[PDB]
Amino acid sequence: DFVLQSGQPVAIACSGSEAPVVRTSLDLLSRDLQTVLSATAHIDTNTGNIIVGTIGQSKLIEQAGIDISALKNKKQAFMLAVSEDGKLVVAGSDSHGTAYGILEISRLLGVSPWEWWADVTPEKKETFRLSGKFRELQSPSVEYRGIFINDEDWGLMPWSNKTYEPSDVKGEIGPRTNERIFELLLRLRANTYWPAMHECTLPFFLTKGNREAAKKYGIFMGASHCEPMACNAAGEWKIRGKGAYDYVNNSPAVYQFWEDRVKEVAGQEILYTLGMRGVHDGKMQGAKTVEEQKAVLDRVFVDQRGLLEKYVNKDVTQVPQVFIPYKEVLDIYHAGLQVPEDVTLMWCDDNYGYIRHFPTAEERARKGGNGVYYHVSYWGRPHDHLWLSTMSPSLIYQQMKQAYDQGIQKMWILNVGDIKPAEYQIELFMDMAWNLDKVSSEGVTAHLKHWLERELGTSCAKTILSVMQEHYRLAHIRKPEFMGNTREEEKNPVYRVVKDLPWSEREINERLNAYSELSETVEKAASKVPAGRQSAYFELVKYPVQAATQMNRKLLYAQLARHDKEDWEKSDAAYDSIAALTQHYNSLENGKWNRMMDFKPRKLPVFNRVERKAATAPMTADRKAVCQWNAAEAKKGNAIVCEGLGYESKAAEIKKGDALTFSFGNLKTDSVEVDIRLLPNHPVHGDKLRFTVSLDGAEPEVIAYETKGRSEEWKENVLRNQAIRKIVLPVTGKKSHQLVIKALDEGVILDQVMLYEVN
Ligand code: NI
């Protein structure tokens with residue numbers, strides 16, 4: 001048996017030959033050993049009660065008689081075991097594996113990843129006791145997993161540059177901030193980072209300390225779909241480049257630009273993004289059509305792999321490489337572009353958490369594997385979601401589970417905005433990527449429960465679990481940031497005017513009240529929160545639920561007010577309340593997170609007090625449906641619920657060739673309007689997504705609902721998180737009818753069905 005008594009020091013055995021990442025994690029554990037146990041860690045090289053090392057690099061691993069074997073030639077893996085003498089042995093298959101083993105002990109001591117990052121103060125313990133029989137083995141489901149700090153102009157950049165690591169250089173997020181991010185990634189078992197790179201920010205590799213900090217923490221520096229060669233064009237090109245960022249006309253200067261960087265960074269953990277786009281987003285320069293944009297890349301790959309040959313590794317298949325066909329580059333891939341088989345292909349979601357492309361059997365068999373770049377934060381059309389992090393766990397789950405199952409297993413990268421306040425989604429994503437089976441065996445719901453129970457208490461989480469659930473479900477219906485019914489990047493000013501959502505007075509009141517109850521629950525449960533966890537509560541529960549409530553209030557009272565059904569002052573008050581909540585955020589823990597929260601990111605009209613004006617049109621009328629179903633109200637047919645997914649948490653997958661069968665009685669009127677609501681996801685194989693509707697055997701009507709590019713329908717789809725198909729059918733006038741919905745393609749997910757009489 002292994003026993004650590006609190007108040008007492010502890011000796012840790014670790015060879016001095018071990019990679020920086022091992023020593024860094026040791027520091028982190030010692031920090032936690034002190035916090036949790038009041039126990040000062042002493043690093044010897046020979047004698048310890050906790051022994052740590054990598055396979056065939058440490059004499060120490062051999063000399064305590066543990067059967068490591070399962071670890072031999074294996075990726076990022078560790079064994080934890082107690083030797084017969086009662087010592088804790090941490091045996092990693094490689095250096096990262098050793099690091100992750102050490103940090104597992106830190107999880108066992110009850111230290112949250114958000115210890116620092118959401119002030120989840122670890123509890124103190126009297127003793128820590130693991131069995132002589134305790135034996136854990138771990139390894140990652142996904143090989144590269146990481147985050148991208150992006151859209152940082154209104155949170156993480158000013159917070160770093162003025163509050164946490166105050167700097168006089170214009171947009172500096174310096175070494176000390178990055179060490180903090182890398183702790184978070186270590187504790188999340190992530191290994192990869194795409195640094196901030198917006199024009200407002202100092203490029204990572206042009207910041208003194210940053211590169212060396214990444215080496216200390218063992219993080220693969222990668223970069224985005226427009227940052228080819230560890231090279232942030234967005235910020236660096238205007239500093240260090242010459243002439244146009246154009247390979248067709250100015251390739252020598254572009255090549256040089258890349259080269260200098262590959263030179264300074266070649267003996268370092270880097271993931272090299274291949275290819276070429278614009279300075280930030282947009283077309284590449286110098287080519288117009290996809291046929292000319294293909295000729296370019298062919299030229300670009302050959303030279304880019306060239307530099308890698310010359311400064312990194314004579315065999316380039318030993319250099320890790322990614323190609324990311326995001327936005328218009330997906331088209332240029334699909335025009336038959338040849339990408340060398342060792343290069344990881346990185347698929348992209350549509351910025352609203354719907355993956356655009358799943359690997360064909362061919363792409364899947366490629367030696368370089370397949371990755372995904374996913375968004376829980378975004379700036380773009382039809383509207384930014386940058387303030388709160390409200391994407392449903394249920395949607396993240398179902399998309400990312402599908403991604404792994406469809407063979408996207410090499411590389412997962414999350415766009416996380418400012419990190420806060422997406423703490424929960426980030427950890428879900430990172431858990432998925434670390435151990436998919438564990439997350440899959442538990443609910444979506446069991447994951448969130450375990451998380452709230454861990455961060456708040458059991459007693460708080462008893463009241464709060466259903467609140468978070470309701471939070472994510474109402475945000476799925478319409479995010480806080482979408483409540484103005486406005487658009488961004490539309491090139492017409494009318495889409496910037498706040499305007500009615502197409503909902504009835506009844507639906508508005510119903511929504512207003514559901515939010516009221518949420519705010520009330522959150523207020524009451526506040527005093528049942530342990531003393532060391534009040535800041536985490538404001539950060540993780542109280543700010544997002546009450547922020548969201550007050551946004552709905554501001555915009556919904558405003559809508560009632562336009563139609564002379566409410567007083568405008570309630571809208572302003574709701575506005576004032578968001579302000580107050582944001583002041584509190586920015587003043588918690590002295591002002592630890594001062595500037596991290598901006599309730600007007602990018603100064604979008606939706607975040608302002610609402611312009612007072614009287615409606616011209618009337619309110620949407622409430623419309624009586626004859627029938628209203630979820631996928632399981634069906635008689636005949638099998639459809640597995642996607643756990644908490646859809647408008648009423650009951651969306652379900654109808655597998656290809658299966659059907660659901662709905663039944664209903666005697667109607668009036670000539671005809672029936674069938675209103676079918678589906679998850680607006682994208683085709684899993686092929687380009688299709690369709691279903692058939694059949695009233696009373698009557699020869700299936702064939703209905704498609706996939707979208708292409710960023711069309712008007714796709715814009716509608718992602719704002720409301722439903723594809724919508726209406727159909728009018730003739731009744732016979734039978735007295736008993738059946739409606740059969742059959743799936744023709746793979747990933748068809750039904751959410752709602754409504755009926756409506758009509759003539
Ligand atoms: Ni943000």
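- Determination of this PDB entry was carried out by X-ray crystallography to a resolution of 2.44 Å, according to the record.

A short note on the side chain of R189
- You can see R189 is positioned in the loop between helix 5 (175–187) and strand 10 (192–194).
- A relative accessible area of 12% places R189 in the buried class.
- Side-chain polar atoms of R189 contact the side chain of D431, separated by 3.5 Å.
- Beyond its immediate sequence surroundings of up to four residues, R189 is in contact with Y100, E104, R107, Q138, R145, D431 and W434.

A short note on the packing of helix 16 (residues 458–477) against helix 17 (residues 505–525)
- Between helix 16 and helix 17, the least distance of the axes is 10 Å, while the angle of their chain directions is 150°. Between helix 16 and helix 17, the interaxial angle falls into the category roughly antiparallel. In the crossing of helix 16 with helix 17, the sense of the turn from one axis to the other is left-handed. Contact residues: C460, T463, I464, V467, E470, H471, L474, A475 and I477 in helix 16; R511, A514, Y515, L518, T521, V522 and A525 in helix 17.

Points about the coordination of the nickel ion
- Bound to the nickel ion are the protein donor atoms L386 (O) and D418 (OD), situated 2.4 Å from the metal. Separated by 32 residues along the polypeptide, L386 in the loop between strand 15 (370–375) and helix 12 (393–405) and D418 in the loop between strand 16 (411–417) and helix 13 (423–434) bring together distant segments of the chain.
- The class of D418 is buried, set by a relative accessible area of 10%.

Describing the layout of surface pockets
- Of the voids in this model, the largest pocket is the one considered here, and its volume is about 1,200 Å³.
- Breaking the lining of the largest pocket down by element, the ones donating at least two residues are helix 16, helix 17, strand 21 (671–678), helix 20 (712–720), strand 24 (723–730) and strand 26 (748–754).
- In terms of residue count, helix 17 provides more of the lining of the largest pocket than any other element does, five residues in total.
- For the lining of the largest pocket, a count of residues per class yields 12 nonpolar, four polar and 15 charged.
- Roughly 590 Å³ of volume is contained in the second largest pocket.
- Surrounding the second largest pocket, 25 residues form its lining, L330, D331, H334, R356 and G709 being those nearest its centre.
- Counting residues per element, the lining of the second largest pocket draws most heavily on helix 10 (residues 329–334), which supplies three residues.
- Here the lining of the second largest pocket is built from residues that sort into seven nonpolar, nine polar and nine charged.

What counts and how
- Residues numbered from 1 in each chain as written, not as in the entry; some residues may be left out.
- Heavy atoms only, no water.
- Helix = DSSP H or I, 4+ residues; strand = E, 2+ residues; numbered from the N terminus.
- Buried < 20%, exposed > 50% of the residue type's maximum accessible area, 1.4 Å probe, protein only.
- Polar contact = N/O pair within 3.5 Å; in protein donor to acceptor, adjacent residues only side chain to side chain.
- Contact = heavy atoms within 4.5 Å.
- Axes fitted to C-alpha atoms, helices over the stretch in contact; angles between N-to-C directions.
- Parallel < 35°, antiparallel > 145°, perpendicular 65-115°, else oblique.
- Left-handed = near helix turned anticlockwise from the far one by under 90°.
- Donors = N, O, S within 2.8 Å, 3.2 Å for Na, K, Ca; no water.
- 1 Å grid on protein atoms, 1.4 Å probe; cavity = no way out; pocket = protein on both sides within 12 Å on 5 of 7 lines; lining within 4 Å.
- Points joined across faces, edges and corners; volume = space filled by probe spheres on them.
- Nonpolar A, V, L, I, M, F, W, Y, C, P; charged D, E, K, R; others polar.

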